[PDB]
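1. Output the structure for:
(chains A and B, ligands or ions: 1)
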Amino acid sequence: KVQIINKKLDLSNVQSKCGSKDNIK
Amino acid sequence: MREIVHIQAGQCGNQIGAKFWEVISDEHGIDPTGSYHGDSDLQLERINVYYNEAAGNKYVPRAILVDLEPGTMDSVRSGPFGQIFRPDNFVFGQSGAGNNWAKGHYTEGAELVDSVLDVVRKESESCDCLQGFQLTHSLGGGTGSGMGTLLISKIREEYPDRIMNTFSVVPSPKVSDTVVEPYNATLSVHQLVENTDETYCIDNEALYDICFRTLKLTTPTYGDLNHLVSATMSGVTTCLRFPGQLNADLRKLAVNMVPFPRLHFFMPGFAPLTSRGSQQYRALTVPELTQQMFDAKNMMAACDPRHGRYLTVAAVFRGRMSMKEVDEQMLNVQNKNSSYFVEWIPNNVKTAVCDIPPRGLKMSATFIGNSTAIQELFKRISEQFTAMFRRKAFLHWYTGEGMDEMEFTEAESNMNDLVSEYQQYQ
Ligand SMILES: Nc1nc2c(ncn2[C@@H]2O[C@H](COP(=O)(O)OP(=O)(O)O)[C@@H](O)[C@H]2O)c(=O)[nH]1
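-> Numbering: from 1, shown residues only, chains lettered A, B, ... in the order given. Sure, the structure comes next:
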């Protein structure tokens, strides 16, 4: 009467941190 | 009469100035101990121009050595002529620059420049007639660039009527020695264009090309390139030390060579240059020197002068020569190649003749040209700087010390305005 501990894992939406485009304008 | 205070900053500057002082000590017959053991009265006639006389037949080179890392100065002290400098003038820190102009200009330079300036003032108070300051430094090295800009600003503020001459090593068009060379070069020019009187642009790439093609050297070192640069430096001020048929000091050079106050960057040259074997095959004449000087392959700045026009040309000759010979050669040069000089300046060439040739030569000549083609170098620097700055490449290293984006933006604007001015006058 057991069930495996499986979780739905996702890194859904991760943005970059280095502002490599901040001076693109 | 006139005197010169030699300032020597950065690793590049320290090495170049060590070779320069070796050459100067050789020209005046001064052994590594400082005791004069020459053979001519002219060696002592104007020995005061670079040396203070410490009683005991010994002379001390009026040089000031600046760095943020003690290794280069240790090598200088331990090497040949290391004892020739009075140890009072070795002013060095401990942190180092790390090729960060912001660091060397705002933090480590801000800490060390007070001692540097105290040494400068002490050396200047001993002068009878101070004429100009010489700074030997590279534009890429953090120590060189930052200390140079800061110290030049300070000295210009202290002595506004003295001549500020600098011999700067400029970035190469093909191979970079430092990843952040563009930021340092741009921020250095942004102050050199404002505070200096004249700057000689020497590129290591052109030095390699010359020493390989002309001198036929297969294993050139920094010592050989520094020997060439030092020969040029000595030819620049040979007129301040020895008599001649037509002498020109630093003030006449600065007046004749700078038509407008902001267009004060020059491409130096030298002649004669020969391999050892070819010396027995070519006669040494004034036409030969004139042909070697006005040649694109003999320009120590990585820029073909045939892509622009000259504003003015300085040609200082050394050794016994006929005045009519040099005059005829200069007239022929101006007449045959009139298309490479601006139409609004007649009589583009100012000359001078020193009667003492370099040791081992019958005659020589030093070239100093103000060519509008250096807009190529400045435009390349501006383009690479823009390419790096558009993506904040390595920007945080400079911002952390205290610089903001406004300073980089103003530096870029000033660089582009200088390029636009050169384009206007071409
Ligand atoms: N002409 C010449 N250039 C040098 C010499 N040593 C280093 N350089 C140049 O200086 C740059 C290195 O910067 P450097 O002055 O050593 O770094 P710093 O210690 O932060 O000032 C490189 O682009 C080299 O080409 C030298 O002896 N002669």
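2. And residue 23, which helix or strand is it part of?
-> In the absence of a named chain, this looks at chain A. When elements are assigned from DSSP states H and E, residue A:23 belongs to no helix and no strand.
3. that's the wrong chain, I wanted chain B
-> Assigning secondary structure by DSSP H and E places residue B:23 in helix B:10-27.
4. is any part of that helix close to the ligand?
-> Yes. Applying CB under 6 Å from any ligand atom, one finds that helix B:10-27 is in contact with the ligand at B:10-12, B:15-16. C-beta: built from backbone N, CA, C; applies to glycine.
5. ok, so of those residues, who is nearest chain A?
-> Each of the residues of helix B:10-27 next to the ligand was checked against chain A using CB to the nearest CB; the closest is residue B:10, at 29.7 Å.
6. Highest neighbour count among the residues of helix B:10-27 next to the ligand?
-> For these, the largest number of neighbours (other CB atoms under 10 Å in any protein chain shown) sits with residue B:10, at 31 neighbours.
7. Nearest spatial neighbour of that residue, chain-adjacent residues omitted?
-> Ranked by CB to CB, 6 or more residues apart in numbering or on different chains and with sequence neighbours excluded, the top spatial neighbour of residue B:10 is residue B:144, at 2.7 Å.
8. And the helix holding residue B:23, what does it pack against?
-> Taking 3 or more CB pairs under 8 Å, 6 or more residues apart in numbering or on different chains; DSSP states H and E as contact, the helices and strands that helix B:10-27 lies on are strand B:2-9, strand B:58-61, strand B:63-67, helix B:70-78, strand B:129-138, helix B:142-158, strand B:163-170, helix B:222-237.
9. Look at residue B:352 and tell me its secondary structure.
-> strand (DSSP: H, G, I helix; E, B strand; the rest coil).
10. count of neighbours near it?
-> For residue B:352, the neighbour count with other CB under 10 Å is 22.
11. what's the spacing between the residue nearest to the spatial centre of chain A and residue B:223?
-> To find the centre residue of chain A, average its C-alpha atoms and take the closest one (CA atoms, centre = their mean): that gives residue A:11, at 2.8 Å. From residue A:11 over to residue B:223 the distance is 57 Å, taken as CB to CB, to the nearest Å.
12. what about the nearest residue to residue B:8 once chain neighbours are set aside, how many neighbours?
-> Counting by CB to CB, 6+ apart, the nearest residue to residue B:8 once its immediate chain neighbours are dropped is residue B:17, at 3.7 Å. Taking other CB under 10 Å as the neighbour definition, residue B:17 ends up with a count of 30.
13. check contacts around residue B:286.
-> Residues in contact with residue B:286 (CB atoms under 8 Å, 6 or more residues apart in numbering or on different chains) are B:317, B:321-322, B:325-326, B:329, B:363.
14. and what of residue B:330?
-> For residue B:330, the set of contacting residues under the criterion of CB under 8 Å, 6+ apart consists of B:290, B:315, B:349, B:351.
15. Ramachandran angles for the second one?
-> The one in question is residue B:315. With angles defined as degrees, to the nearest 10, residue B:315 shows backbone torsions of phi -140, psi 100.
16. can you tell me which residues contact the nearest residue to it once chain neighbours are set aside?
-> Excluding its sequence neighbours, the residue lying closest to residue B:315 (CB to CB, 6+ apart) is residue B:351, at 4.9 Å. Going by CB under 8 Å, 6+ apart, residue B:351 touches B:246, B:314-317, B:326-327, B:330.
17. State the distance from residue B:351 to residue B:284.
-> Between residue B:351 and residue B:284 the distance, using CB to CB, works out to 18 Å.
18. Tell me the residues of chain B that contact the ligand?
-> Applying CB under 6 Å from any ligand atom, one finds that chain B approaches the ligand through B:10-12, B:15-16, B:97, B:99, B:138, B:140-144, B:169, B:177-178, B:204, B:222, B:225-226, B:229.
19. hang on, the earlier thing: quick check: which of the helices and strands packed on helix B:10-27 has the most neighbours on average?
-> Ranked by average neighbour count under the criterion mean count of other CB atoms under 10 Å in any protein chain shown, the helices and strands packed on helix B:10-27 are headed by strand B:63-67 at a mean of 26.
20. counting contacts, what elements does that one pack onto?
-> For strand B:63-67, the packing partners by 3+ CB pairs under 8 Å, 6+ apart come out as strand B:2-9, helix B:10-27, helix B:70-78, strand B:90-92, helix B:108-125, helix B:142-158.
21. Skipping adjacent residues, who's closest to residue B:205 in space?
-> Once chain neighbours are set aside, the closest to residue B:205 by CB to CB, 6+ apart is residue B:172, at 4.1 Å.
22. hang on, the one you found packs against residue B:203?
-> Yes. Residue B:172 is within contact range of residue B:203, at 5.7 Å (criterion: CB atoms under 8 Å).
23. Check the contact lists of those two and give me the overlap.
-> Overlap between the neighbourhoods of residue B:172 and residue B:203 consists of residue B:302, taking contacts as CB under 8 Å, 6+ apart.
24. In the stretch 51-200 of chain B, what residue comes closest to chain A?
-> Proximity to chain A, evaluated over the stretch 51-200 of chain B using CB to the nearest CB, is greatest for residue B:183 at 13.6 Å.
25. any idea how far residue B:110 is from the ligand?
-> When distances are taken as CB to the nearest ligand atom, to the nearest Å, residue B:110 and the ligand turn out to be 16 Å apart.
26. typo on my end, it should be residue B:231
-> 13 Å.
27. quick one: contacts for that residue?
-> Counting by CB under 8 Å, 6+ apart, residue B:231 makes contact with B:23, B:270, B:358.
28. Neighbour-wise, which one of the contacts of residue B:351 leads?
-> With neighbours taken as other CB under 10 Å, the top of the contacts of residue B:351 is residue B:317, carrying 30 neighbours.
29. tilt between the helix or strand containing that one and helix B:222-237?
-> Here residue B:317, judged by DSSP H and E, is contained in strand B:310-318. Strand B:310-318 runs at 90 degrees relative to helix B:222-237, counting by axes from the mean of the first three to the mean of the last three CA atoms, to 10 degrees.
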